[PDB]
Amino acid sequence: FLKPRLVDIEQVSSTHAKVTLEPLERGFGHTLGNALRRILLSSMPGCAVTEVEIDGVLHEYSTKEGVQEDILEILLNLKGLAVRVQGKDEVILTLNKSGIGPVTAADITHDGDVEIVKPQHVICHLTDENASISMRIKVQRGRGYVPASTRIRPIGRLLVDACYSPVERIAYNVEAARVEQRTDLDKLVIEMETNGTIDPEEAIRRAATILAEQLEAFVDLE
Amino acid sequence: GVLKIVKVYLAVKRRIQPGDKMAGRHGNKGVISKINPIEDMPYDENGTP
């Protein structure tokens, strides 16, 4: 049995990448592709936002004066914010902005361990230059989808839904690969669509590590 | 017969779940059966479930 090795991590965009596997025996390509796709779409580490506090507002059904968008819409916009923390599993982000103009994610005060993948993301629009907005964004590390109802104190804190999942679209194809003279060798290429927080090769490595760890359940160590 | 009247407005945010009724426009009503995981749904060639 030939051992698959990762040869290309070719990226066509910041959020789109294709990872190819050159050597594969017949029948192994589809098995590995399906298992990898399921284990990537299922469980990957993410860094979605969990909490948000705004000084003016009390409950997320209110409206802030001077802000174009509703507070619920602001929370929904924040839910899609993609951010990666490379040093901590918890961080507090502060956003301060004043004057007329859209409030983009680039306006968030940033630390060394926190970076924004797409600064062009917009949070809310300020229509009156007198009005100002301030937030305390709380970011946690997790996996899967954790609804805001299943958390298990102050009035000011606003709870948002948490969906820690860097990947959102995985597709794979099995193609014939020519190695030396023998045929039946298959090449598996996996096309990924992340939000930019998780590297492709690291994602494949983590997914395969989880798959190998789970295989030890019904087999002795090998 | 009453001194003061107090009205309290609660605002509960519903979410879809099995048992809810969902319907199209051409009279094809139905009830939600299972919230299938994202990876279990059928996907086309490009990988979109």
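cryo-EM is the method the PDB entry lists for this structure, together with a resolution of 3.7 Å.

Asks: Help me out: how do you make sense of the overall build of chain A in this one?
Replies: When helices and strands are counted, chain A shows three helices and 15 strands. What you see for chain A is a C-alpha radius of gyration of 22 Å, clearly larger than the 17 Å of a compact globule of 222 residues, by over 25%. C-alpha extents for chain A along the principal axes are approximately 75 × 35 × 30 Å. Per-residue burial for chain A yields a buried fraction of 41% across its 222 residues. Accessible surface computed for chain A: about 12,400 Å², of which carbon and sulfur atoms make up 51%. Both charge centroids of chain A, one from 25 positive and one from 35 negative side chains, sit 4 Å from each other.

Asks: Before we go on, may I ask you to explain helix α3 (residues 200–215) of chain A in this structure?
Replies: Since the α-helix packs 3.6 residues into each turn, any two residues three or four apart lie on the same face. Residue and element names in this part refer to chain A. Compared with the 22 Å implied by 1.5 Å per residue over 16 residues, the 23 Å span of α3 between its first and last C-alpha is a close match. Of all the residues in α3, the buried ones are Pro200, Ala203, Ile204 and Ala207. One side of α3 carries all its buried residues, which in axial view fall inside an arc of 100°. Exposed and facing more than 90 degrees away from the buried side of α3 are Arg205 and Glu213. Those residues of α3 that are buried are in contact with β1 (6–8), β2 (16–21), α1 (28–42) and β15 (186–194).

Asks: Looking at this structure, how should I read the sheet that holds strand β14 (residues 167–176) of chain A?
Replies: Two modes of strand pairing occur in sheets, parallel and antiparallel, and in both the strands are linked by backbone hydrogen bonds. All names here are of chain A. Spatial strand order, β1-β2-β15-β14: four strands in an open sheet with antiparallel pairing. The two strands at the open ends of the sheet, each matched to only one other strand, are β1 and β14. The sheet shows a mean angle of 30° between the axes of neighbouring strands, taken without regard to direction. Here β14 runs beside β15; their pairing, made up of nine bridges, is antiparallel. Its bridge partner lying in β15, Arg169 is registered against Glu193. Running at roughly 175° to β14, α1 makes contact with β14 and β15 of the sheet.

Asks: What's the story with α1(A) in this structure? I'm lost.
Replies: The terminal C-alpha atoms of α1(A), which comprises 15 residues, lie 21 Å apart, in line with the 21 Å expected from a rise of 1.5 Å per residue. Residues of α1(A) that are buried in the fold lie against β14, β15 and α3 of chain A.

Asks: Where do I start with the interface of chain B and chain A in this structure?
Replies: Buried accessible area, meaning the area lost when the parts come together, often serves as the stated size of an interface. Taken together, the contact between chain B and chain A spans 12 residues of the former and 15 residues of the latter. When chain B packs against chain A, the two sides together hide about 1,100 Å² of surface, and 43% of this comes from carbon and sulfur. Taken as a group, B:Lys13, B:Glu39 and B:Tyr43 account for 45% of the area that chain B buries against chain A, more than any other trio of residues on that side. A salt bridge links A:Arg38 to B:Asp40; the nearest nitrogen and oxygen atoms lie 2.3 Å apart. Where chain B touches chain A, the interface holds six residue pairs in polar contact.

Asks: Explanation requested: the packing of aromatic side chains in the structure shown.
Replies: The relation between two aromatic rings is expressed through the spacing of the ring centres and the mutual angle of the planes. Residue and element names in this part refer to chain A. Inspection of the entire model under this criterion finds one aromatic pair over all chains. When the ring of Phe1 is compared with that of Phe28, the centres are 5.2 Å apart and the planes differ by 70°; the resulting orientation is edge-to-face. Taken together, the residues span a long stretch of sequence, with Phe1 in the segment before β1 and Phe28 in helix α1 at a distance of 27 residues. Looking at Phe1, the relative accessible area reads 73%, which means it is exposed.

Asks: Quick question: what am I supposed to make of the packing of α1(A) against α3(A) here?
Replies: Residues and elements named next belong to chain A. One can describe the packing of α1 onto α3 by two numbers: an axis separation of 9 Å at closest approach and a directional angle of 100°. Judged by the inter-axis angle, α1 sits roughly perpendicular to α3. Counting all contacts with α1, which are made through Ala35, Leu36, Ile39 and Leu40, the residues of α3 involved are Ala203, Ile204, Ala207, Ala208, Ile210 and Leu211. For the contact of α1 with α3, the residue count by class is 10 nonpolar, no polar and no charged.

Rules used in this analysis
- Residues numbered from 1 in each chain as written, not as in the entry; some residues may be left out.
- Chains lettered and ligands numbered in written order.
- Part of a larger assembly, values for the part shown.
- Heavy atoms only, no water.
- Helix = DSSP H or I, 4+ residues; strand = E, 2+ residues; numbered from the N terminus.
- Rg over C-alpha atoms; globule rule 2.2 N^0.38 Å.
- Buried < 20%, exposed > 50% of the residue type's maximum accessible area, 1.4 Å probe, protein only.
- Areas by Shrake-Rupley, 256 points an atom, 1.4 Å probe, with all protein chains shown as cover.
- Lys, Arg positive; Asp, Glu negative; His and termini not counted.
- Charge placed at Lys NZ, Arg CZ, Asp CG, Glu CD.
- Expected span 1.5 Å × (residues − 1).
- Arc of directions from axis to C-beta.
- Contact = heavy atoms within 4.5 Å.
- Pairing = 2+ DSSP bridges.
- Axes fitted to C-alpha atoms, helices over the stretch in contact; angles between N-to-C directions.
- Buried area = accessible area lost by both parts, 1.4 Å probe.
- Salt bridge = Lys/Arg side-chain N within 4 Å of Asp/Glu carboxyl O.
- Polar contact = N/O pair within 3.5 Å; in protein donor to acceptor, adjacent residues only side chain to side chain.
- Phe/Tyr/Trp six-rings, centres within 6.5 Å; stacked < 30°, edge-to-face > 60°.
- Parallel < 35°, antiparallel > 145°, perpendicular 65-115°, else oblique.
- Nonpolar A, V, L, I, M, F, W, Y, C, P; charged D, E, K, R; others polar.

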